[PDB]
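Student: Sending over a structure as structure tokens; questions will come in a sec.
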Amino acid sequence: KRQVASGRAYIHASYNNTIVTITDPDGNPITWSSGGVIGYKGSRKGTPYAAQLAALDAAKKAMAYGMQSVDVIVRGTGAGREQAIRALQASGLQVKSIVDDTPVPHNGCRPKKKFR
Amino acid sequence: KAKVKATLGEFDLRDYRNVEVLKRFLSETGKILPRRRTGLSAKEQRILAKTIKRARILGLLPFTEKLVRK
Amino acid sequence: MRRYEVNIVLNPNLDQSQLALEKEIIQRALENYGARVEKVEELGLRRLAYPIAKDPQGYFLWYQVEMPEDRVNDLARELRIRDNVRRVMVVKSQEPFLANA
Amino acid sequence: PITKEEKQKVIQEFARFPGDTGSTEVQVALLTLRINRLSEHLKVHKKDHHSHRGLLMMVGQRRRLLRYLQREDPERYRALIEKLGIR
RNA sequence: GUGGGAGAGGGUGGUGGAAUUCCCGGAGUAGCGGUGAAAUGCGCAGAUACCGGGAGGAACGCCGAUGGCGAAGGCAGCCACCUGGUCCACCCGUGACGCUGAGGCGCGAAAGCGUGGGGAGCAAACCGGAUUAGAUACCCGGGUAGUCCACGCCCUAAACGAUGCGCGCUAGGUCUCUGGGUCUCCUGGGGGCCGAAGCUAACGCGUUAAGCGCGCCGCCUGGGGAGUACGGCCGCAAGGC
Ligand SMILES: [Mg+2]
Ligand SMILES: [Mg+2]
Ligand SMILES: [Mg+2]
Ligand SMILES: [Mg+2]
Ligand SMILES: [Mg+2]
Ligand SMILES: [Mg+2]
Ligand SMILES: [Mg+2]
Ligand SMILES: [Mg+2]
Ligand SMILES: [Mg+2]
Ligand SMILES: [Mg+2]
Ligand SMILES: [Mg+2]
Ligand SMILES: [Mg+2]
Ligand SMILES: [Mg+2]
Ligand SMILES: [Mg+2]
Ligand SMILES: [Mg+2]
Ligand SMILES: [Mg+2]
Ligand SMILES: [Mg+2]
Ligand SMILES: [Mg+2]
Ligand SMILES: [Mg+2]
Ligand SMILES: [Mg+2]
Ligand SMILES: [Mg+2]
Ligand SMILES: [Mg+2]
Ligand SMILES: [Mg+2]
Ligand SMILES: [Mg+2]
Ligand SMILES: [Mg+2]
Ligand SMILES: [Mg+2]
Ligand SMILES: [Mg+2]
Ligand SMILES: [Mg+2]
Ligand SMILES: [Mg+2]
Ligand SMILES: [Mg+2]
Ligand SMILES: [Mg+2]
Ligand SMILES: [Mg+2]
Ligand SMILES: [Mg+2]
Ligand SMILES: [Mg+2]
Ligand SMILES: [Mg+2]
Ligand SMILES: [Mg+2]
Ligand SMILES: [Mg+2]
Ligand SMILES: [Mg+2]
Ligand SMILES: [Mg+2]
Ligand SMILES: [Mg+2]
Ligand SMILES: [Mg+2]
Ligand SMILES: [Mg+2]
Ligand SMILES: [Mg+2]
Ligand SMILES: [Mg+2]
Ligand SMILES: [Mg+2]
Ligand SMILES: [Mg+2]
């Protein structure tokens, strides 16, 4: 019963899964969801639809803690990255801002042979 | 959609410690702008680059930022 | 000798006496490295672009100098040695290339 | 480095008459002074190579200039050598 | 010689931020990861996702180019120091001092060797998961040498423009980097593209010749056998000429 009602929603998209984390204004998380939580299993787990369901789960779960006003941070890229945001915007949490935080190296680390 | 040098007075392309002029050369992120948007010469751009990076070391200018709307 | 612009950036939280101190020790450095003072600019309180040393802010002061160039590197070692000097840079003075002129 | 001042000192030293800038005497001097600085350098900084190629080339020029000034005026050559501590 | 410049040319020290990983901490459940789809794998000893701090190695996003520098290999954060090449103007100095260059000597990507460090990510070998008629190869999960630094070897290559260096000559147009000018333009030095004459078997090249010439060095003489054998020299070896 943490009583928050305003805070951060991170959306982490990948080409495999999609996760959503809701949090308090200084970043400590509240609840979350994902493609996996929502029933899905396989590849099936990273599709836009599953992104939707995941965002929506974590939004209902936020409702329970009292959440209203939410500032969104996307990180990552992948099919139904934006689906998750269009499914937050259908939630009834009212979204203040959307920023894009995908980290990028200033060219530090070798990648996997998958990446070159 | 004009250029940067277009709106500006005389200024010192060498002066790191002067930010008010430099912020104009950066994107919404921390990115030094392409020549296309800045409208400099190769020489001019090459100097601007170094000068920016210098002020970035001195903490007057951001290395990177976060992207609004979207 | 050559003309250098020395920058020093400090912890803003200094009161009179601590700041007075850092500047007495910096003057001490320059005077003890053979480095003559040409001029001085303190812009002081300034908002940084990113946090330096967990801080939102820094205390700026700038120095135009002339000095022996075998020493300069060791000068800078001596400067950064203090805790409270959060950043130090030294450049050779280069004349002001213009633009949009 | 080499100042214009600490340089022109050496030209005044080796000049054959006033204003002689480009005489064989004075090129061999100037060259030698740069060869020495470069070697004092490459003694520490041993791993610097491209510089050392520079040395190879400089020394090559000094030689061609000597070998000339010697086949031409042996007396000025003897003098030069003596002055410069070489060959 | 004097004056003016552009530059990831080099060597030494220092330093900055993004990211990865790992350690600590708070919050927080039930997954995560990964593929065509899976599975190995990791996760209730609390992972993933999120916030704060810490440690360490390696590489420098945007600028960045159809760009610059170097003889070649090669060379990209910022700062300082040490240092090489090179372009232009002035027409000042010397007075043929020039070109090429068997041999020698030095440099020489990556991998590789020796001694000692360092080791975050990647990762030959290898241990596994899977696909398939069978992986043992492609795909996935781990991973050691190695990659990084010091010193000493190794001398290779599609070390490529598959085009040896230097000089003179032979329409132009166009884009570009860097100087000087009386600055639409002109003049010099680089980088590119079309194309005069000419060359070429054709493809093409064409003031950055593959054109017209002179000098000098290297090299070729059907395809395999073969970069093999033998001998020599170098090398700790691998192996090289
Ligand atoms: Mg998945
Ligand atoms: Mg909404
Ligand atoms: Mg791995
Ligand atoms: Mg000069
Ligand atoms: Mg360099
Ligand atoms: Mg934790
Ligand atoms: Mg399970
Ligand atoms: Mg288990
Ligand atoms: Mg951390
Ligand atoms: Mg460690
Ligand atoms: Mg680029
Ligand atoms: Mg290039
Ligand atoms: Mg120089
Ligand atoms: Mg004359
Ligand atoms: Mg005469
Ligand atoms: Mg030659
Ligand atoms: Mg031979
Ligand atoms: Mg030879
Ligand atoms: Mg190697
Ligand atoms: Mg071995
Ligand atoms: Mg070793
Ligand atoms: Mg088959
Ligand atoms: Mg693997
Ligand atoms: Mg080698
Ligand atoms: Mg090639
Ligand atoms: Mg190459
Ligand atoms: Mg020929
Ligand atoms: Mg021009
Ligand atoms: Mg001009
Ligand atoms: Mg041209
Ligand atoms: Mg042309
Ligand atoms: Mg053509
Ligand atoms: Mg014809
Ligand atoms: Mg012919
Ligand atoms: Mg024809
Ligand atoms: Mg034909
Ligand atoms: Mg044709
Ligand atoms: Mg020719
Ligand atoms: Mg031919
Ligand atoms: Mg035969
Ligand atoms: Mg044969
Ligand atoms: Mg062989
Ligand atoms: Mg035999
Ligand atoms: Mg043999
Ligand atoms: Mg032997
Ligand atoms: Mg072999």
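Each reported figure results from applying straightforward, stated rules to the coordinates on display, with no laboratory input. A quick note on method: Cβ atoms are made from the backbone with ideal geometry, for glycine too, and the neighbour counts reach across all protein chains shown.
Student: All but one of (1) assigned to a loop (DSSP other than H, G, I, E, B); (2) among the charged types (D, E, K, R); (3) within 14 Å of chain B (Cβ to nearest Cβ) hold for C:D83; which doesn't?
Tutor: (3)
Student: Do any residues in segment B:53-70 that are at the interface with another protein chain (Cβ under 7 Å from one of its Cβ atoms) and without any contact (Cβ under 8 Å) to a residue 40 or more places away in the chain have Cβ atoms under 7 Å from those of residues that are among the charged types (D, E, K, R) and assigned to a loop (DSSP other than H, G, I, E, B), where the two are at least six apart or on different chains, and which pairs are they?
Tutor: What qualifies is B:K66/A:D101; B:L67/B:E28.
Student: Assuming B:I32 fulfils every condition listed in (1) aliphatic (A, V, I, L, M); (2) more than 24 Å from C:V88 (Cα to Cα); (3) within 14 Å of chain A (Cβ to nearest Cβ) apart from one, which condition is it?
Tutor: Going through (1) aliphatic (A, V, I, L, M); (2) more than 24 Å from C:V88 (Cα to Cα); (3) within 14 Å of chain A (Cβ to nearest Cβ) one by one, B:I32 breaks only (2).
Student: If you go through segment A:69-78 one residue at a time, do you hit one that is of a type in the set (S, T, Y), within 11 Å of RNA strand E (Cβ to nearest atom) and touching a residue at least 40 places away in the same chain (Cβ under 8 Å)?
Tutor: Within segment A:69-78, the subset of a type in the set (S, T, Y) is A:69, A:77.
Then keep just the ones that are within 11 Å of RNA strand E (Cβ to nearest atom); that gives none.
Within segment A:69-78, not a single residue is of a type in the set (S, T, Y), within 11 Å of RNA strand E (Cβ to nearest atom) and touching a residue at least 40 places away in the same chain (Cβ under 8 Å).
Student: Kindly check whether there is at least one residue in segment C:58-68 that is more than 15 Å from the chain's Cα centre (by Cα) and either assigned to a strand (DSSP E or B) or farther than 30 Å from B:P62 by Cβ (or both).
Tutor: Filtering segment C:58-68 down to residues more than 15 Å from the chain's Cα centre (by Cα) leaves C:68.
Right, trim to either assigned to a strand (DSSP E or B) or farther than 30 Å from B:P62 by Cβ (or both) and you get C:68.
So far as segment C:58-68 goes, yes, one or more of its residues are more than 15 Å from the chain's Cα centre (by Cα) and either assigned to a strand (DSSP E or B) or farther than 30 Å from B:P62 by Cβ (or both).
Rundown of residues vs (1) closer than 24 Å to B:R69 by Cα; (2) in contact with a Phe, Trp or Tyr (Cβ under 9 Å, 6 or more places away or on another chain), yes/no style:
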| residue | (1), (2) |
| --- | --- |
| A:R2 | no, yes |
| A:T21 | yes, yes |
| A:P29 | yes, yes |
| A:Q52 | yes, no |
| A:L56 | yes, no |
| A:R75 | yes, yes |
| A:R81 | yes, no |
| A:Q94 | yes, no |
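Student: One residue is enough: does segment B:6-19 have a residue meeting the conditions near RNA strand E (Cβ under 7 Å from one of its atoms) and either closer than 30 Å to A:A84 by Cβ or not acidic (D, E) (or both)? Before the answer, list the steps.
Tutor: Here is the first cut: in segment B:6-19, the ones near RNA strand E (Cβ under 7 Å from one of its atoms) are none.
No.
Student: C:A53 fails exactly one of the following numbered conditions: (1) surrounded by fewer than 17 Cβ atoms within 10 Å (Cβ to Cβ); (2) more than 11 Å from every other protein chain (Cβ to nearest Cβ); (3) not charged (D, E, K, R). What is the number of that condition?
Tutor: Failing condition for C:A53: (2).
Student: Scanning for something touching a residue at least 40 places away in the same chain (Cβ under 8 Å), out of contact with any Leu (no Cβ under 7 Å at 6 or more places or on another chain), more than 10 Å from chain B (Cβ to nearest Cβ) and loosely packed, with under 14 Cβ neighbours inside 10 Å, does segment C:33-40 turn up at least one residue?
Tutor: Going residue by residue through segment C:33-40, those that are touching a residue at least 40 places away in the same chain (Cβ under 8 Å) are C:33, C:35.
With out of contact with any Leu (no Cβ under 7 Å at 6 or more places or on another chain) added as a condition, the list becomes none.
No, the conditions are met nowhere in segment C:33-40.
Student: Go through segment C:86-101 and give me each residue that's assigned to a strand (DSSP E or B), farther than 30 Å from B:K66 by Cβ and either under 12 Å from the mean Cα position of the chain (by Cα) or within 11 Å of another protein chain (Cβ to nearest Cβ) (or both).
Tutor: Initial filter on segment C:86-101 (assigned to a strand (DSSP E or B)): C:86-92.
Restricting the remaining residues to those that are farther than 30 Å from B:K66 by Cβ gives C:90-92.
Passing the criteria: C:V90, C:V91.
Student: Another question about this same structure. Of a type in the set (F, W, Y) and touching a strand residue (DSSP E or B) at 6+ places or on another chain (Cβ under 6 Å): does that describe C:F60?
Tutor: yes
Student: While we're looking at this one, here's another question. Specify the residue that is farthest from ligand 2 (Cβ to nearest atom); the eligible residues are those in segment A:57-100 that are assigned to a helix (DSSP H, G or I) and among the basic types (K, R).
Tutor: Keep residues of segment A:57-100 that are assigned to a helix (DSSP H, G or I), which gives A:57-65, A:82-88.
Of the ones still in play, those that are also among the basic types (K, R) are A:60-61, A:86.
Details: A:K60: 13, A:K61: 16, A:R86: 9 Å.
Filtering first and then ranking leaves A:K61.
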